[PDB]
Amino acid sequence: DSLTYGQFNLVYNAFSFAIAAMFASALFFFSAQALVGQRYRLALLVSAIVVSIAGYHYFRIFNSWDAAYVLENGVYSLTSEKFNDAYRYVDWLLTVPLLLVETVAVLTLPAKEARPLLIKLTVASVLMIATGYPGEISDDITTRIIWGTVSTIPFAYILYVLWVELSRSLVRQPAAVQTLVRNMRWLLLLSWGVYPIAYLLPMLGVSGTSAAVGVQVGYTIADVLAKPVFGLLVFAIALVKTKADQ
């Protein structure tokens, strides 16, 4: 249905803020390669690639939102072009595996262990995103609950596996490294937890237009926390690891 002034702007502003955050962080992460040792530059480069891809999609998402509504009679009425919910899920399919690479890369695990860990996590993320999409686009609450519950299964698998692997990497490492890795553990858990909570809004009653606004804003803030903010923690780990290698 139609959207109020404040509702259209909240999403409009959220997408504009995301474009700026992704592209500005892309420049930072790319240049920050020169501040860390050679062994950790791949994690910085992948982080720059992640936010560049997300920045491209938020540019497309911004245009899809702008073209979906029209200001008339003091409100925003729905136009003929429907909002493209697929841009975000296509973005997730590409960037979430890259986020997993960035995470494993800064920990410097041996290839015999890093490779099967990455495949299992990447396969799980594809299952998570693929099962979430039909529930995301449904107009039916029961359907949204069923697909979303299925999507929680690989979601819990990824977070459990990453918590254990990050905890196992702590051993022997210097104290400054250990504190950053422990805090990366929590930022991963809390930022990724925003997504299913935001997915739950259309079923907590409330107006359907208010729920749809909350979902779009929630996913956007979550993307900012899980990609550029998370990337800053990866950058700090690379700095301290570079120093420990003297």
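Each residue number is its position in the shown sequence, starting from 1.
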(message) Please compare 74-82 with 126-134 and say which has the higher mean C-alpha temperature factor in the record.
(response) 74-82
(message) Please compare 186-194 with 209-217 and say which has the higher mean C-alpha temperature factor in the record.
(response) 209-217
(message) Given 152, 95, 169, 143, identify the residue with the highest C-alpha B factor in the PDB entry.
(response) 169
(request) Quick one: which of 109, 119, 158, 101 shows the highest Cα temperature factor in the PDB entry? (result) 109
(message) Using only modelled residues of the chain, where does the Cα B factor of residue 162 rank: lowest third, middle third or highest third?
(response) lowest
(request) Would you please rank residue 60 by its C-alpha temperature factor against the other modelled residues of its chain and give the third it falls in: lowest, middle or highest? (result) middle
(message) Quick check on the deposited entry: does the C-alpha B-factor of residue 204 sit in the lowest, middle or highest third of its chain?
(response) highest
(message) Test of reading the entry: by CA B factor among the chain's modelled residues, which third contains residue 26?
(response) lowest
(request) Please rank the C-alpha B-factors of the chain's modelled residues and tell me whether residue 52 sits in the lowest, middle or highest third. (result) lowest
